[PDB]
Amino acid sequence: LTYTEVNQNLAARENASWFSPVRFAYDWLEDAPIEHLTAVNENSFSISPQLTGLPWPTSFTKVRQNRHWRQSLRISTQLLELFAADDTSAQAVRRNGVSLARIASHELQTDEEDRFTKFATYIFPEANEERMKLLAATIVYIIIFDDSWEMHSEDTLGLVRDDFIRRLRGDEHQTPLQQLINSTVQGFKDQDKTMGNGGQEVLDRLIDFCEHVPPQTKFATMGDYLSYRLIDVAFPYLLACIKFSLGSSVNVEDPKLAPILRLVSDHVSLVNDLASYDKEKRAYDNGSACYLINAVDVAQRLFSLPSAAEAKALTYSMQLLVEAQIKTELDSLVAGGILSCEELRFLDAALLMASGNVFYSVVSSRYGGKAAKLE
């Protein structure tokens, strides 16, 4: 498992210019009993994790990487900077006392190409250069305004959050941070005038993300947990971003697409909880995080397994069943002849999000830490 060979076999030789080097190889199933489980062009290009020795704990085989990821880091560093310097953002603190200025500074400490924005390179791979710039900016909004619904409207964070909401809707002295926020909003409106109506939807779901209070923590079933996790992972926002990355006008809420899209949401939740369990279990065992809220844990309780390792295996199992269901449901939709080109394009990009969520979670620093570094 060598840095040189992974980054050799990942993308075609032709695309090495735009290629984004891979620096980690995290196996979140390393100590999980899974011998019974088997998993067998303008704006993006194919990534081929099968052809490396990268851990590839999924049966999806189409992964893609955005070409313009380098040009996309600017507006999101701009927002991270302006948030780190804004005076109100320093007084706008979460329930845990941490301020918005502090959140932006902590993410500015990470290297530019390995921040939480790198997600977009693999889950929104079809965005052109200008559309990718705005999506990377909204990922900063997701980072900053996470858990901002907890605060009262009259707390400092509540005012920054509700001010942010009003700019996203369309409604004196404008701070430089608000100025940039106004521009991103204008940017999405500009793209809608060009093509598609997904830009305003991305803002609308960001509003919904800042207001929707999550559903508690009694999970009598895994369906109950995954209904909470669809909200928690900001899944409606993610679909808006997929639609916007395509310049699409597809109705994401069409009941014909509801079953395959709830499956995709289940996949993204399961993968992300599998990837993040170790981190979230350490953050609970040393006290850093208050609770442990994770599908692996819910499965360990509900199916009464001895340890997290068995739980990870059962959870991975159910993830592989979700994938089989997705392929069956997509094949059925294609066979019934009830999908336009635009809807098929949207669903294919939904799947690119699902496979790209796996890839980013294997090759990022975020979940495997420093142990999974390649040499």
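Numbering starts at 1 and follows the sequence shown.
Gap check for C341 to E342: zero deposited residues are absent from the model. Deposited sequence between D171 and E172: 4 to 9 residues lack coordinates.
Judged by mean Cα B factor in the deposited record, 99-107 ranks above the other of 99-107 and 265-273. Taking the mean C-alpha B-factor of each stretch as recorded, 6-14 and 358-366 are not equal, and the higher mean is that of 6-14. Considering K218, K189, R131, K256 together, the PDB entry gives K218 the largest C-alpha B factor. The residue among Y225, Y141, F235, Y291 whose C-alpha atom has the highest B-factor in the PDB entry is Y291. Per-chain ranking of the deposited C-alpha B factor places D208 in the lowest third.
In the PDB entry, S304 places in the middle third of its chain by CA B-factor.
When the modelled residues of the chain are ordered by their C-alpha B factor, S72 lands in the highest third.
In this PDB entry, the Cα temperature factor of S183 sits in the middle third of its chain's modelled residues.
The deposited CA B-factor of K243 belongs to the lowest third of values across its chain.
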